[PDB]
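For the numbers below, each heavy atom of this structure counts, side chains included, while hydrogens, waters and symmetry mates do not. Letters A, B, ... mirror the listed sequences (proteins, then strands); counts begin at 1. Ligands are counted one by one from 1 in listed order, and the atoms in each one are counted from 1 as well.
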Number of protein chains: 2
Amino acid sequence: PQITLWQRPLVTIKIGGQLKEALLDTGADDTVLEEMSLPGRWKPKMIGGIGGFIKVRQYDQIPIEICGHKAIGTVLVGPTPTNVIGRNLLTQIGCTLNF
Amino acid sequence: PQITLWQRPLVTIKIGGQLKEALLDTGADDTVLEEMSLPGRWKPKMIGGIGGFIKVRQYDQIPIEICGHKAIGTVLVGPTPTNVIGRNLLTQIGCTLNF
Ligand SMILES: CNC(=O)CO[C@H]1CO[C@@H]2OC[C@H](OC(=O)N[C@@H](Cc3ccccc3)[C@H](O)CN(CC(C)C)S(=O)(=O)c3ccc(OC)cc3)[C@@H]21
Ligand SMILES: [Cl-]
Ligand SMILES: [Cl-]
Ligand SMILES: [Cl-]
């Protein structure tokens with residue numbers, strides 16, 4: 001698809017059996033989701049943006065589907081104000097900026 | 001250009017005659033730069049990110065070049081961790097997401 005930026009670039013993702021809305025976010029290194037359960041190991045991490053840091057749980061090798069596109073990668077879970085899809089998953093679906 | 005997302009999408013911008021580095025950020029509604037001087041009057045704005053809110057100064061109708069592409073619009077100045085070019089200016093330079 002070609003996604004305009006007149007509005008926030010929101011998409012539906014499938015993750016851990018759940019459907020969720022998330023923002024396609026080229027300014028995020030990592031994918032960060034609001035509190036949810038995921039299977040497997042995790043380790044604590046601090047991630048920072050505007051306004052400072054939050055503590056998250058880092059899960060590796062999580063399957064996700066974005067716009068019909070399957071990918072696997074690291075998902076950070078914690079008290080983000082909104083779900084963002086970061087570059088670590090945008091690359092996998094072949095997402096580019098164009099102008 | 002077509003910019004992939006394996007690395008941060010950092011580009012050179014020009015504002016007030018000076019070059020800076022900034023992140024092309026589809027997850028940002030607005031453009032927020034690190035402390036700097038701009039002309040005219042400013043208005044207050046609170047913007048929120050991952051770690052909470054910050055107060056910024058809002059300057060309107062500012063000329064800014066982004067990867068050589070000319071824009072004129074609203075620039076927020078405050079204690080952001082990194083310069084970010086948000087959708088307000090990404091739309092001016094004709095940027096889309098594509099996959
Ligand atoms: C300190 N941390 C660092 O150095 C790097 O660590 C960062 C980078 O990668 C990592 O992944 C998750 C996090 O990334 C971000 O948070 N990304 C930020 C941009 C940004 C990039 C680097 C640092 C700080 C912010 C978003 O892409 C934009 N907005 C955040 C929203 C999408 C959560 S915004 O910035 O809050 C904002 C809100 C309103 C506005 O107008 C209204 C305009 C902007 C970590
Ligand atoms: Cl990853
Ligand atoms: Cl590629
Ligand atoms: Cl603007």
Yes or no: does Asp30(A) have any heavy atom under 4.0 Å from an atom of ligand 1? yes

Report, in ascending order of atom number, the atoms of ligand 1 lying under 4.0 Å from any heavy atom of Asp25(B). 18 (C), 19 (C), 26 (C), 27 (O), 28 (C)

Please confirm whether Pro81(A) approaches ligand 1 to less than 4.0 Å, judged on its heavy atoms. no

Is the backbone of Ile85(B) close enough, under 3.5 Å, to the side chain of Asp25(B) for a donor and an acceptor to pair up by distance? no

Going by the order shown, which atoms of ligand 1 are within less than 4.0 Å of some heavy atom of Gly48(B)? 36 (O), 38 (C), 39 (C)

For atom 15 (C) of ligand 1, the protein heavy atom that lies nearest, with its residue and separation: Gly27(A) O, 3.9 Å

Are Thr31(B) and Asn88(B) close enough that a side-chain donor and a side-chain acceptor fall under 3.5 Å? yes

Working to the nearest 0.5 Å, report the span between CZ of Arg57(A) and CG of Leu33(A). 10.5 Å

Report the C-alpha separation of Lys43(B) and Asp60(B) in whole Å, then their side-chain angles, then the decisive distance to 0.1 Å, and conclude whether the salt bridge (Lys or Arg N to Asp or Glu O under 4.0 Å) test is met. CA-CA 9 Å; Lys43(B) 306 275 194 280; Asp60(B) 300 320; over 6 Å; no

In ligand 1, the atoms that come under 4.0 Å of a heavy atom of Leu23(B) are 21 (C)

Fit a plane to each ring of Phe99(B) and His69(A), take the angle between them on a 0 to 90° scale, and name the class: parallel (under 30°), tilted (30 to 60°) or perpendicular (over 60°). perpendicular

heavy-atom search around atom 16 (O) of ligand 1 in the protein gives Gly49(A) CA, 3.6 Å

Output for pair (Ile13(A) CD1, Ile66(A) CD1), nearest 0.5 Å, gives 6.5 Å

Does the protein put any heavy atom within less than 4.0 Å of atom 24 (C) of ligand 1? yes

